Structure formats: structure tokens, C-alpha cells
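Asks: Turn this into a model:
(2 chains)
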Amino acid sequence: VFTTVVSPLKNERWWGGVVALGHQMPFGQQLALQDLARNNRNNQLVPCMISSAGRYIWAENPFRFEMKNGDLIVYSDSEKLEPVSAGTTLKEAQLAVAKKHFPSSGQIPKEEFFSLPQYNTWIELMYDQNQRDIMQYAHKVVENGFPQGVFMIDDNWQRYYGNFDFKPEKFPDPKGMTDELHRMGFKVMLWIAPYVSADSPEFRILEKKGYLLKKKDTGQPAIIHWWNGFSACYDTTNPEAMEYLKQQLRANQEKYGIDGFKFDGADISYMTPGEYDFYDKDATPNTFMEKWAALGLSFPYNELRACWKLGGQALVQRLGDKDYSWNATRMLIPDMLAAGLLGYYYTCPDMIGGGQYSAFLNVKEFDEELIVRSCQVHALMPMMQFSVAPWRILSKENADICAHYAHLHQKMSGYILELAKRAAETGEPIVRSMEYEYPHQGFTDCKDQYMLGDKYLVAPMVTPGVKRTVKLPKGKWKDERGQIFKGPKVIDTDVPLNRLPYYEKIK
Amino acid sequence: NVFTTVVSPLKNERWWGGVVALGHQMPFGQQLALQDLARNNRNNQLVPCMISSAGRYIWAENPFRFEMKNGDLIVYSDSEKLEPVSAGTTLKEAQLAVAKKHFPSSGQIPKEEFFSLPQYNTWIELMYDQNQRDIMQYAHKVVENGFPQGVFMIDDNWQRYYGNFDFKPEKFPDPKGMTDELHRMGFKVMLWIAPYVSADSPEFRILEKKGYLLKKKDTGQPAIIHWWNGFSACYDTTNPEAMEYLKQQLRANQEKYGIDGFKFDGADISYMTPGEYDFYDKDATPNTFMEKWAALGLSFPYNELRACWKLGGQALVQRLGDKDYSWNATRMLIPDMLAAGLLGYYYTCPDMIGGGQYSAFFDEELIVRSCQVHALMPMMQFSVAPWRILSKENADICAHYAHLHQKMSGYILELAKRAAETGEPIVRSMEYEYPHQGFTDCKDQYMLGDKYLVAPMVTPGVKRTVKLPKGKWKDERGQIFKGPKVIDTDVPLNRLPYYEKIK
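Replies: Residues are numbered from 1 along each chain as shown, chains lettered A, B, ... in the order given. Now the structure:
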């Protein structure tokens, strides 16, 4: 175990490792041990640590890290690891490691991702994915003046896991439903995973072809316990398995008219390293998680959530579904900022109000502020995902508020699209921490405001009430109202429910 | 302890019992490899019962191991020390003692249409692709080609997936109407089911919540069984509420779709590893589980099963494992069918015709001779389509024999009530009806009741040995004989040899 105690420099704080831990970033002085080989925490992983003092670590292989007594300690069995002086800022260190170790492809996903909101049927239809309600939802989007965008039909549309046809008892005419949504100006995407019903026609076919993931000491297909139950699994190291699976999906796209797929669930968190006979003998569970994600390169409409490396790449990267609570709402920015720093620039900031359906089931009188404040966050991010039906849970007033912010995102999208090409080519995030853009200027822990590009500072409401701190750095700052300021100084502002604070830099 | 019991044979004494799949290797030679009732059912039924031709028997409440070494029957039980019992001096006498004592008959039977009618299984024809269209094509071709109507047993893959008991609607546009249609044509319909549940299915989660799945011990988590179709979670059959629920699962199917009963297939203890599981019943073994999947059939008068432990005397249709397409396998039907009888599974379906393994599908004689065997058994199952694989001539031959079974059914129905009340098999070994008279390994002829001796063709050609015992014997042609003597006969393809006892 090639240990490397990294004592910090002056003021030096550390980011990196698990994208789910963006909210706990930069790291405090005591941090529990993190094993990249075992837990992705229902999110993304990269073997990268970056500091505000212009240093970084990169590993070819997963490792363990922790903070003890201010020190960053790092344990790898495969290699002994050293930091790198690349400048003197967080920004400088991020661009060195990126350009060197996860250079951007020079390409992006579809531009519709950034322009349009995403509407996930998870919170509303849950498992009862059926044509009827999909069209009810799709119309109510329009009727309530929300923009059309990517309609992401979630789990339980397919007959069973491994099958890529619709349940016909739920979809009397899915080809026509797709046309209908296309005429209404939407895009459509389907939820998929490497899991396969273990007793299915498809299972045996794949098992014959050795396309399933195989258990070591048994040569048998590996049966994975995951959030839905136990399934056989596609070996994502097997290229012919992925070749076949690719054509599986294309056939769906012709047959039904689907634009792309949501790739969810290559969690290494379910896998136990070493137990598997991967097709690739130099492959880890991490490799497999990377290979499920790589599959999305072959589809310009794609979104995923589990990933290892694949920094700089044209991959929509969703933040893991979280909870209907303020604490969780506050984690959107910090978690998202990290995603960018660690390669995954194009980022959907999770679902609106919570990606957990059970919170919205059995509900009568909601906390309507949280929904709206949560909306505001998304407005000035690369993408914006809803799931719950504002029109159903909110007041008509509050719905329209959200519908403003959807149109405000859509207004902003020209600039977001611009930034994404700068991300894909330079390797600058779209959404940047304050310490990123303004290093050593006391914005190191600043976890409740961020830069959209290097132009707009955004300090949305992340708590109940109608007041807010804002640290402005040096420069001339015009809020959305139009009122000019200049920093460095720390203003208080009046934030009504239908106010998102953001400040254009005007020289 | 391993409570071992070396059981020396008496004079000339031969032994039956244990595994119904081993009926063909019965009675047992001097060397039989070790047989563990706790582990392998051999794709068929199991009973803790051994019977001898010298009027002796063994019974165990629990599984055991047995084997033949050097003439001796050796017996290994962890739970109990085991000993034989003098019940008369014949095989017949010993069978009726153990039956009346340890698996007495219920006094009831399954539906009478089982015995009257042939069964038509769609596995060989449709296989995995079970669909309304081809079911109706097959059903008509039965009729068109002059074969009789009977129980239409739609086999695996009609259901949306494992655990679900609705049809695939992409295959069944109107399954309720298809049921009526088949009822109007004078058929009955039965559906294939198993305790296996897709491990990732809605139903899996529902059951998982209710603790209705079979639970692994060390994890209290669903037990995931690797079986012939793949890996599935499983219904805990020892959980009575689970089975309560499952019963209503099926009844709902019967109203909704119009189904008369179900084929219960796959409680194999062969898949389970004893001890690893938290059964609901804490006293339960894998064997218990296997018994409880089968007990489920009591609740539906249209039922057929294949995996089972105990449940002797009971109104349960019992099938033989899906055999091979060869003569080798054809020869085992009779002695396997006889072994069912002895062991309490009186009402018995004889495997499939031609082979219950679809991959094999012509040698048209084998099919027709295989048909002839079934003709004079309690039931008769086809699967492969004679009209497709045979000459029209040979099809008609089979169609006669189906009509001959149907003719004979009055007597078979009579015998089933004698079985359900006395505990005498419908189909009886020669040694059963005529003990000590050198019919001990008679494996190519049997008694239908105590009336008709049946010596069907068991090999290619057109000649056949027949041991007649004492008594007056009229063949089907009408020509009278008397034994004990050993006749030859001319058996053309369209001849089933059988001899009525006329005094």
C-alpha cells in the first residue's frame, strides 16, 4: 500500500475524488476513508485531487484517500502517488490535470440539452410508465406554459430488464406517441441499465454468447443485487456485448422513434472487486463502470450518472437523485461545481424537488418555497431537470414562477451553448466555483454562489426567508434588477420568492 | 449419527422404491450408486419408501440415502434408524400395507377428463414462442386430422415473465376469447407455472416485502435459485400465506382468462442446497418445499405436476420427466410408470410422445410405437405434431390409438377409483399381480388393472416375446391362449399387442 501523506501548503484546501462529495468540498481536516474501488456513492468517480494552491494528483488506478489532521493521505496498491505544481490557483491546477490527463474531445452532446429543460416521469408515473399519463404530462407542460424539452421516460417502460420493447399493455401505440411528442416539439429518451432479467429469453441468448458478466469461481453469469432486485448483467468490458447492445438500442430508435437513452446503474457500489471474469482481464469494476458510460458516446442524446473517468467527453452527467429537503437542495451547487472541475462539465443538477418519488406520494399540502427556490438554482445551470408536476403540487402563481425560470434558462442558453464549446475545447467548466475564477480571494469554502462562465455571479436562495449574503469580488457588478455595485464587499439583498439574484459583470 | 442399516435380501428378494425416475432401473441390481433423497429428485418425484417382492418394506418420515452394495440394500438416515417390515410375502401385499399405513388414498381423484382425453403440450411445437395464432392452428389440426379433443396444456412462456400470471399481449390479442373458442371446440386448457419469480420484477418486490419469497439464511434475503431457465427468486412454499396469495393469483387467472387448471413444474430439490434457507416452516427441508409446491395442485382439480415429495394416494396428476427422442428412452416409460404406481402416484401421465425435448425435433416407427405404449396407460400426452412429422398413414394409426385410449377410458376411470380407495395402482407390474412367478424384472410388459396384459413393441422390427402367466388370455385380435408360456407374435406397425384375461 504505497502511502503518500500530503501536508498542505499555505491555506491550501483540496477538491476531488467523489463527485457526490462536492458538498463536502473543499475537504475539512477530518475526512473518513474513501475507497474509489468500492463506492461511487450513486454518482461519478475520478482519480484526481486538485488544490487551491495550484497542485494536483492523478492516478491511472483507483486509490483510497482521507483527511487526517489537515493532511491529505493517499493509499494506492498499484502506484505511489505525488502531487504536481501546476500554477498557484485552483483554476490553473484544474487546467493542467485536465489538458494532460482528461483532455476534452472537442465535442459536446446535443445542444437541445442546454437549451431545453428535461422532464423525468419518475416522480409522477413512478413504475406505472404508460402512454396515457405520459401524454397528460406532456400536454400539461405546454398548457401551464412550461417549455418543451427532453422528455426522459424513466424505469418500467420496457417489458422487463434486458428487453428494449415497451410494455404493450401500457403502450397501445408507442411509435405514434413518439411522433406525437415530436410534433409537439419535444425530444424523447428512455431509461436503460446493464441489468437483465435472469430468467429471460434475452438472458439465455446473451449467456450463450458470453455477453453477460461472469462470476469468477463459478464461470456462471454474475447475478447482481441492485436497487431494483437481482439481475444478470451485461459485461461492459466485452466489446461484442456492447456492439450487440448498441444495435439493440438503434433498433429501438427506428422502431419506436426514440432520440436517445438515459444510462443508469453501472454502480461499482454493487460490484465486489476481483470476483468477476471480465472479458478484459486488465479490467476492474471501475473499468466496467467506465464502459457503461462510454456507450453513451455512441448516442448524442445520452445521460448517465454512474461513471469512472471520461472527463472532457460529450456525456450528459446527472447528479444522483436526492431528497425533498433543504439540506439536499443546498448540495446542488457544490456537488455540481465539482463535477465540472473533475471533467464532467455538462451537468444536469438532479431532479427538481427530489429524485425520490416516495416524498411526493401521499402528499396534500407541500412546502412550495423549497420547490421554487430549488428551481431557481437550476435556472442558471447548464441544464434543468424537473420530475414532479409543479402544476399539481404548487399554486398557479408558483408554477408560473418556475415557468419564468424555465424560460430564463432558455433565454440564457445561447451563452451556455457558447460555454460548452469552450469547455469541450479548453477544459473550463461551464459552472465554476468562486475560488476557481477568483482564487485566494476568500471564496474557498463559498458553497452558496457560483460563476456561470466568468460573466454572471449567481447567489440564489438556498434557505427559507427572503434575505441573503452575497460576497462580490473585485469588479463592477450589475444585478438582474439593473442596479450597479462594486466589490470586494458583502451586500445583503431583498429576495422575494420570485427573485433569483444574479449579477452580470459590466467591467 | 449416520444411522446405517445394511438390509440383507431374503430368498430371491428384489427391491423397488426411492426415485420415480429410477423406475427403469427397478428392481435394483446388486450394485446401485448412492442415492440422496435430500438432494436430487432427478427431474421427477421422490418418496421415502422401499418395497420388496418378498413382502417387505421400509418407510422414513425424513429423507435418507440408500444404495445396493453386493446384493444388500444399505440405508443411511441422519434423523432415524430404519428397518424393514413384514407385510405379506408378495410385492403386491407389501405395497398395500405401506400405502394404507403411510400414504393412504384420499378417496378422491382429479378430473375424469384426464383419463378420457389425450393431452396436447405445445412445447415441442411452439417452444418459447407461445402465441394464440399457432395454438389455434394446432388445436384445429388435432381435429382436422381426426385426433380426439383433450387437455390443451400451453407450456412455458405464455406469461409476460416469471412471477406474472397474465399473458404476453403481443402474442395473445384476445386470450379470454381463445379460451372460449377452445371450450367451444370441446377442449380443456391448462397453463404452465413454476415457483420462480423474475429477480428484478414488480412482483418480486411485492413478494419480497411480504416475506413470501424464499429467504436465504445468512442474509435473510431472497434466495436466488439457478434452475433450467436461469436465475430466479422463488416463492417460499412453506409460507402458507404466500401460497394463500399465490392460490388467489391463479384463481384470478382462471376467471379472467377462462383457464381450467395449471401445470405445476419445478419445485426441484435438485436446485436447492439444504440448510442455506430460512423457510417459513422452521422444521422444513427442501423436500418439504417440494411437497408444498405439489400440494398446491390439490386446490385445483385440473392440475399436473412433475416435481414432488410424498403426497401418495392423492388426487394429483403426476407426469414423468421430459424424456429423450430415442428407443433407449422409449423403453423406460413402462417401468417408470410402474414405479409411480407402487409409490402412491397412481394417476399418472406418461411423459411426452416422441420426446419432451424440443431440440431433438424422422424415424416414424419410434413415434408410433411410443404412441402405442401410452394408449393403454391412465393418460396419454402428445407434444410433437404427428400430422407434421409422420405420414398421413402413421398419423391415422396414432389417431386410432388415441381413440382406443378414449374407448378404454371407461375401465381406466373405474380403476382410478379403485386406486383412490384401496391404493392399488392403475398400472401394475407383472410381479405385482403375479408375484414369485419370474416376472420380477419384466420391464417390457404390464397389467392394466388385473384384466389386460399389455406387451407393446419396445424396439424396431415386428416381433416380440410375451410371458403369459397362468390364466386364460385373449389377444385383441380375439385368439385365445393359456399360460404359463412364452409366445412370439407378429406385431405390424399398426398393432398394439394386448391380452384380455377371460377366465
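
Asks: what sits against the closest residue to chain B within the stretch 301-450 of chain A?
Replies: With distances taken as C-beta to the nearest C-beta, the stretch 301-450 of chain A approaches chain B most closely at residue A:358, which sits 13.4 Å away. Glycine gets a C-beta too; all of them are placed from N, C-alpha and C. Residues counted as contacts of residue A:358 (C-beta atoms under 8 Å, 6 or more residues apart in numbering or on different chains): none.

Asks: Over to residue A:332?
Replies: With C-beta under 8 Å, 6+ apart as the criterion, the residues that contact residue A:332 are A:319, A:349, A:350, A:374, A:377, A:378.

Asks: What about the last one, how many residues nearby?
Replies: The reference is to residue A:378. Here the number of neighbours of residue A:378 (other C-beta atoms under 10 Å in any protein chain shown) works out to 26.

Asks: pretty sure residue A:191 is in a helix, no?
Replies: No - the assignment for residue A:191 is strand, going by DSSP: H, G, I helix; E, B strand; the rest coil, so no helix is present there.

Asks: That one: neighbouring residues, count only.
Replies: As a burial measure, residue A:191 scores 21 neighbours (other C-beta under 10 Å).

Asks: So residue A:31 sits against residue A:24, correct?
Replies: Yes - with contacts defined as C-beta atoms under 8 Å, residue A:31 counts as touching residue A:24 at a distance of 7.4 Å.

Asks: Show me the strands in the stretch 251-400 of chain A, by range?
Replies: Per DSSP state E, counting those that start in this stretch, the stretch 251-400 of chain A carries strands over the ranges A:260-263, A:276-277, A:301-304, A:307-308, A:316-318, A:347-348, A:385-386.

Asks: Looking at those, which one is packed in the most?
Replies: strand A:316-318 (a mean of 28; mean count of other C-beta atoms under 10 Å in any protein chain shown).

Asks: Can you say which helix or strand has residue A:162 in it?
Replies: Using DSSP states H and E, residue A:162 maps to neither a helix nor a strand.

Asks: how near is the residue of the stretch 1-150 of chain A found nearest chain B to residue A:228?
Replies: For the stretch 1-150 of chain A, the nearest residue to chain B under the criterion C-beta to the nearest C-beta is residue A:127, separated by 6.6 Å. With the distance defined as C-beta to C-beta, to the nearest Å, residue A:127 ends up 10 Å from residue A:228.

Asks: When these two are compared, which one has more neighbours?
Replies: Between residue A:127 and residue A:228, counted using other C-beta under 10 Å, the more crowded position is residue A:228 (19 against 13).

Asks: residue contacts, the more buried one?
Replies: The neighbourhood of residue A:228, defined by C-beta under 8 Å, 6+ apart, consists of A:155, A:161, A:195, B:200, B:205.

Asks: what do you get for residue A:307?
Replies: A:40, A:44, A:45, A:266, A:289, A:290, A:293, A:315, A:317, A:344.

Asks: Next, give me the two most distant ones among the contacts of residue A:228.
Replies: Greatest spatial distance among the contacts of residue A:228 (C-beta to C-beta): A:195 and B:205, at 13.9 Å.

Asks: got the residues of chain A near chain B?
Replies: When proximity is defined by C-beta under 8 Å from any C-beta of the partner chain, chain A lies next to chain B at A:127, A:156, A:159-161, A:165, A:168-169, A:195, A:197-201, A:203-204, A:207, A:220-221, A:223, A:225-226, A:228-232.

Asks: try 6 Å
Replies: A:160-161, A:168-169, A:197-199, A:203, A:223, A:228-231 (C-beta under 6 Å from any C-beta of the partner chain).

Asks: Show me how to select, in PyMOL, the buried members of the residues you listed.
Replies: With 16 or more other C-beta atoms under 10 Å in any protein chain shown as the burial test, the buried ones among the residues of chain A next to chain B are selected in PyMOL as follows:
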select buried, chain A and resi 160+161+168+197+198+199+203+223+228+229+230+231
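
Asks: Can you flag which of the residues of chain A next to chain B belong to strands?
Replies: Secondary structure from DSSP state E places A:223, A:229, A:230, A:231 of those in strands.

Asks: Name the nearest residue to the last one, sequence neighbours excluded.
Replies: For residue A:231, ignoring the flanking residues on the chain, the nearest one in space by C-beta to C-beta, 6 or more residues apart in numbering or on different chains is residue A:195 at 3.5 Å.

Asks: In contact with residue A:98, which residues?
Replies: When the contact criterion is C-beta atoms under 6 Å, 6 or more residues apart in numbering or on different chains, the partners of residue A:98 are residue A:427.

Asks: Please point out which parts of the strand or helix carrying it sit buried.
Replies: Residue A:98 is part of helix A:90-101 when elements are defined by DSSP H and E. Of the residues in helix A:90-101, those buried under the neighbour-count criterion (16+ other C-beta under 10 Å) are A:90, A:91, A:92, A:93, A:94, A:95, A:96, A:97, A:98, A:101.

Asks: Next: stretch A:213-222.
Replies: When neighbours are counted by 16+ other C-beta under 10 Å, the buried residues of stretch A:213-222 are found to be A:213, A:214, A:221, A:222.

Asks: Next up, the contacts around residue A:270.
Replies: Applying C-beta under 6 Å, 6+ apart, one finds that residue A:270 lies in contact with A:224, A:226.

Asks: and it, backbone torsions?
Replies: When read as degrees, to the nearest 10, the backbone of residue A:270 gives phi -90, psi -30.

Asks: can you pull out the strands in the stretch 401-507 of chain A?
Replies: Shown for the stretch 401-507 of chain A, the strands assigned by DSSP E, counting those that start in this stretch span residues A:431-433, A:450-452, A:456-458, A:467-479, A:484-494, A:502-505.

Asks: Export those strands as CSV, with columns for mean neighbour count.
Replies: CSV is the format used below for these (neighbours: other C-beta atoms under 10 Å in any protein chain shown):
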stretch, mean neighbour count
strand A:431-433, 27
strand A:450-452, 23
strand A:456-458, 22
strand A:467-479, 17
strand A:484-494, 13
strand A:502-505, 20
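
Asks: Could you pull out the helices in the stretch 151-300 of chain A for me?
Replies: Here the stretch 151-300 of chain A has its helices, by DSSP state H, counting those that start in this stretch, at A:174-183, A:201-209, A:239-256, A:285-294.

Asks: Name the stretch among those helices that sits most buried.
Replies: Comparing these on average neighbours per residue, with mean count of other C-beta under 10 Å, the densest one is helix A:285-294 at a mean of 24.

Asks: Measure how far that helix is from the centre of its chain, please.
Replies: Using C-alpha atoms, centre = their mean, to the nearest Å, the distance from the centre of helix A:285-294 to the centre of the chain it belongs to is 16 Å.

Asks: Check stretch A:409-416 too.
Replies: On the basis of C-alpha atoms, centre = their mean, stretch A:409-416 is displaced by 19 Å from the centre of the chain it belongs to.

Asks: Kindly report the same for stretch A:417-426.
Replies: Averaging C-alpha positions (C-alpha atoms, centre = their mean) puts stretch A:417-426 17 Å from its chain's average.

Asks: Send me that stretch as CSV with only the CA atoms.
Replies: Provided in CSV are the C-alpha atoms of stretch A:417-426 (Å, rounded to 0.1, in the frame of the first residue of the first chain):
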residue,chain,number,x,y,z
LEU,A,417,-24.1,26.7,-25.5
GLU,A,418,-21.2,29.1,-26.1
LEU,A,419,-19.5,28.0,-22.8
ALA,A,420,-19.9,24.3,-23.5
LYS,A,421,-17.7,24.6,-26.6
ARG,A,422,-15.2,26.4,-24.5
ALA,A,423,-15.4,23.5,-22.0
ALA,A,424,-15.1,20.9,-24.8
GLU,A,425,-12.1,22.6,-26.2
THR,A,426,-10.2,24.3,-23.4
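
Asks: Just the buried positions in it, please.
Replies: When neighbours are counted by 16+ other C-beta under 10 Å, the buried residues of stretch A:417-426 are found to be A:417, A:419, A:420, A:422, A:423, A:424.

Asks: The residues you listed in helices, which ones?
Replies: Secondary structure assignment by DSSP state H places A:417, A:419, A:420, A:422, A:423, A:424 of those in helices.

Asks: Now do the contacts for the third one.
Replies: Translated: residue A:420. Contact criterion C-beta under 6 Å, 6+ apart gives A:108, A:430 as the residues in contact with residue A:420.
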